[PDB]
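What follows is the residue order along each chain.
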Amino acid sequence: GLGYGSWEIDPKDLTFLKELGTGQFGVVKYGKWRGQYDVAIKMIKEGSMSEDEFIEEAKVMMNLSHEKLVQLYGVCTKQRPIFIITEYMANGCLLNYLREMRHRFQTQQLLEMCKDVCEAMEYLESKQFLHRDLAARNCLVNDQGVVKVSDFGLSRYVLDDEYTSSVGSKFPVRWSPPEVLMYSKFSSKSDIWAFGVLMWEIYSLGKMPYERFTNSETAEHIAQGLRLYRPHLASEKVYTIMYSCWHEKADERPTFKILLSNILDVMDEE
Ligand SMILES: O=C(c1ccc(Oc2ccccc2)cc1Cl)c1c[nH]c2ncnc(N[C@@H]3CC[C@@H](CO)OC3)c12
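Residues numbered from 1 in each chain as written, not as in the entry; some residues may be left out. Heavy atoms only, no water. Residues with missing side-chain atoms left out of burial classes, pairs and counts.

What the entry reports as its method is X-ray crystallography, with 1.15 Å given for the resolution.

Chemist: Mind laying out the packing of helix α6 (residues 188-203) against helix α9 (residues 256-269), listing which residues take part and the relevant values?
Modeler: Running from amino to carboxyl end, α6 crosses α9 at an angle of 25°, the nearest separation of the two axes being 11 Å. When the axis of α6 is compared with that of α9, the two are roughly parallel. Residues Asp191, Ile192 and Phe195 of α6 pack against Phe256, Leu259 and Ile263 of α9. Classifying every residue of the contact of α6 with α9 gives five nonpolar, no polar and one charged. (Axes fitted to C-alpha atoms, helices over the stretch in contact; angles between N-to-C directions. Helix = DSSP H or I, 4+ residues; strand = E, 2+ residues; numbered from the N terminus. Parallel < 35°, antiparallel > 145°, perpendicular 65-115°, else oblique. Contact = heavy atoms within 4.5 Å. Nonpolar A, V, L, I, M, F, W, Y, C, P; charged D, E, K, R; others polar.)

Chemist: Could you give an account of the UniProt feature "active site" in the chain, with specific residues and numbers?
Modeler: In the numbering used here, UniProt assigns the "active site" feature to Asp133. Following the sequence through the fold, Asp133 ends up in the loop between α3 (107-126) and β6 (139-141). Dropping the residues within four chain positions of it, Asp133 is found in contact with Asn138 and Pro172. At 2.9 Å, the side chain of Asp133 forms a polar contact with the side chain of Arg137. (UniProt positions renumbered as here; feature names shortened; annotations may be inferred. Polar contact = N/O pair within 3.5 Å; in protein donor to acceptor, adjacent residues only side chain to side chain.)

Chemist: Just give me the short version of helix α7 (residues 215-223), but keep the residues and values in it.
Modeler: Note that an α-helix has 3.6 residues per turn; residues three or four places apart therefore point the same way. The set of residues buried in α7 consists of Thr218, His221 and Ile222. For α7, the buried positions fall inside an angular range of 85° around the axis, keeping them on one side. Away from its buried face, by an angle of more than 90 degrees, α7 presents the exposed residues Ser216 and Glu220. Buried positions along α7 lie against α5 (178-183) and α6. Within two residues after α7, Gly225 carries a phi angle of roughly 90°, on the positive side. (Buried < 20%, exposed > 50% of the residue type's maximum accessible area, 1.4 Å probe, protein only. Arc of directions from axis to C-beta.)

Chemist: Describe in detail the site of the ligand, supporting the description with residues and values.
Modeler: Lining the immediate environment of the ligand, one finds 19 residues, of which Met61, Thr86, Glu87, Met89 and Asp151 sit closest. Between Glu87 and the ligand, the recorded distance is 2.9 Å, taken from a backbone N or O atom to a nitrogen atom. A distance of 3.0 Å separates a nitrogen atom of the ligand from a polar atom in the backbone of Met89. For the ligand, whose accessible area on its own is 690 Å², the fraction buried by protein is 85%. Elements represented by at least two residues in the shell around the ligand include exactly β1 (14-23), β3 (37-44) and β5 (83-86). When residues in the shell around the ligand are grouped by element, the largest group, three residues, is from β3. Shared between two domains, the shell around the ligand takes at least three residues from each, and those domains are domain 1 (1-88) and domain 2 (89-270). (Near = heavy atom within 4 Å. Areas by Shrake-Rupley, 256 points an atom, 1.4 Å probe, with all protein chains shown as cover. Domains from an automatic or database assignment.)

Here is the structure:
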């Protein structure tokens, strides 16, 4: 109502029910909006984000909507800490989900997770919207087991320099192509590279990429033209798809539309 833009939620409409996590960028809670609608609420740690820039971008993000993309419902901007209100994903972070061996996943389930992410990324690519930090840690799983992409574009607003360039301890070296590591060349094709690493994470049940190497060793490995190798659960055709994302020449990597077609082919064949 009065006093709130279309991107703004009145925090008085929130009922906080459970804490989900705490970390460097804040606390995340599960709650309800207007008593009925499940939401996740991220409380942004003071000093961690370029908040005015994020708020302007939130207005853009409100217009992104796809069934495999975590939905932004709004932001609470009038007080501190500010809140980001989104779709609630009851089964939590994809990385944690993959690592729970009890699930005893079939490879068909793993391929479906890859397809969910690929559909979201094809949508983002169609909107010329780069994710910039695609990885299993940035995906979520709902109570039906559907994977959705989260945190899209958020890295642009992080103030901590450990996160923000290639040298930093928190930069996603293991999800980055050579041109990012060598000269900070971000593009659609750096999201493609990261997607291949994400497929590897899925088929490896959440292992760390290049688990025996440091970040510095990883950068050297990949810049020498060497790669991850085939997870045991990936068929030859699945491995071909993820490996295609890692061409040294960015322009020789597929688009998300092509990847989606290839994933659907494998689903039909296997
Ligand atoms: O973490 C967010 C979230 C992400 C980005 C965002 O902001 C953005 C989203 C998209 C683009 C840019 C920013 C907001 C929010 Cl609230 C969640 C959104 N829905 C959720 N449902 C369940 N759990 C969630 N988080 C926990 C946190 C603890 C973790 C421990 O393993 O497990 C998953 C979330």
